[PDB]
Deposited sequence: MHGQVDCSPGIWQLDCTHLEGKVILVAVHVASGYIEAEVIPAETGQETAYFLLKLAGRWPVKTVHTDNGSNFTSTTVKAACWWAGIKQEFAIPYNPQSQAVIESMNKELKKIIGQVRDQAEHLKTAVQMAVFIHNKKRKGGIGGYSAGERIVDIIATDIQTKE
């Protein structure tokens, strides 16, 4: 997949909101637990992600998520463009559903090893990214980005 493409969605659990970002080419995930879905939270997460990885385009399965002035400002500042659903590449959509499915499963498995849901979500990200499938998603993302540096 292009190395600059990410998917970003929110999922719901225990009355809280989990923002889940997946780097399409590797399956690596980043997530945060946010009070409720807001354009301000989506924008803040996008700016954080773009300062950490070379984010070129972001796709989502809820296009309305990216309407607000504040999200448009964050994409403008960071130089991100939206990847328009339209025929969401079949291999790509399959990566995204699969990583999202895997994360929700892991959260459930570690949930009682943490008091708060946000702690279990980050234990689930950690497990997910370090799981060898072979290399892990964490290994794959650094390989892909590092290889992309050198034209």
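Sequence ranges 1-6, 140-143, 162-163 have no coordinates in this entry (deposited sequence, numbered from 1, C-alpha basis).
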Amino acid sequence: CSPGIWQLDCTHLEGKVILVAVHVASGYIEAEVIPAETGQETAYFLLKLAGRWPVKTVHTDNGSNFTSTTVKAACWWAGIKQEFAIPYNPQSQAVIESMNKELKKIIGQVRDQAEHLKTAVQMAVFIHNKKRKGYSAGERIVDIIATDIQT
From here on, numbers count along this sequence of modelled residues.
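Set 122-130 against 34-42 and average the Cα temperature factors; 34-42 ends up higher. Of the two stretches examined, 8-16 and 21-29, the record assigns the greater average C-alpha temperature factor to 8-16. Across the options 57, 92, 62, 68, the residue with the most elevated CA B-factor in the record is 92.
Among the modelled residues of its chain, residue 111 has a C-alpha B-factor that falls in the highest third, as given in the PDB entry. Sort the chain's modelled residues by C-alpha temperature factor and residue 85 lands in the highest third, per the entry. The entry lists a Cα temperature factor for residue 103 that places it in the middle third of the chain's modelled residues. Split the chain's modelled residues into thirds by C-alpha temperature factor. Residue 96 is in the highest one.
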